[PDB]
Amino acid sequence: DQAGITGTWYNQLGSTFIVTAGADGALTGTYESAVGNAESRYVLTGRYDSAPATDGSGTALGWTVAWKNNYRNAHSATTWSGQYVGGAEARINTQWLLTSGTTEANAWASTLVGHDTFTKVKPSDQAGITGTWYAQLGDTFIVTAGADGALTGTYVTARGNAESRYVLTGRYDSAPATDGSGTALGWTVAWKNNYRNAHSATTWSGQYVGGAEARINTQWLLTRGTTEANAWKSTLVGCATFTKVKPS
């Protein structure tokens, strides 16, 4: 629900995020984290299902924060993937992936995973990235990396309940480390366009590695809006690798 989502949400750690849900499925806002290498507000962007199911399922959504602002750069990004559940005790229940830019030797250790629950009640490489990317599955990701750390574009998926292009939005570390680490980034796609609504959203969290064989290596979370009884099985997890060379 657009009115249900917009506002201020608090999670179990004490972090805060303020979000505006646009009528078109956009999420925009700021996140302030009570833990980790973080200080003050960080830009957040994401998507949500603007036509959720009426059988009582939650509303699938996700969003991304690149942990760079004017005070700090943690060379990392987090994506939350989850669902909004309305009512007197409204909640956003998520799982998240936190990727650090790493050397290729430490990439196997690059991604933390966790869960966050948010309530309305306060508790007690721009050039390298911009362009067209191809997954091992055959689908396609066209993205523009802004100078501010914005990612914007469209995703065309070769598999699943999906058809034609979907809007994508995300963030990336716009001042990566120079020691050969990759560039942390993430983005979200809500699987609703003018042709289909799969009542679901995916977030990819990962890092860009430049050079002769440039890659975006990601892990992803796909959450479906579910009833509360089915929520334990609402989130799929996977990995995906994108290259600039269209596969065979």
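Start at 1 and count along the sequence shown; that's the residue number.
- The entry shows a gap from residue 124 to residue 125, with 10 or more unmodelled residues of the deposited sequence in between.
- 74-82 and 105-113 differ in mean CA B-factor, and the higher of the two is recorded for 105-113.
- Look at the C-alpha B-factors of 48-56 and of 213-221. On average they run higher in 48-56.
- The PDB entry gives the largest Cα B-factor of the residues 100, 161, 119, 152 to 161.
- Taking the deposited Cα B-factors for 62, 29, 180, 186, the highest one is held by 180.
- In the PDB entry, a CA B factor belonging to the lowest third of its chain's modelled residues is recorded for residue 235.
- Placement of the Cα temperature factor of residue 198 within the chain: middle third of the modelled residues, per the deposited record.
- When the modelled residues of the chain are ordered by their C-alpha B factor, residue 131 lands in the middle third.
- In the PDB entry, residue 143 places in the middle third of its chain by CA B-factor.
- In this PDB entry, residue 168 carries a Cα temperature factor that places it within the middle third of its chain's modelled residues.
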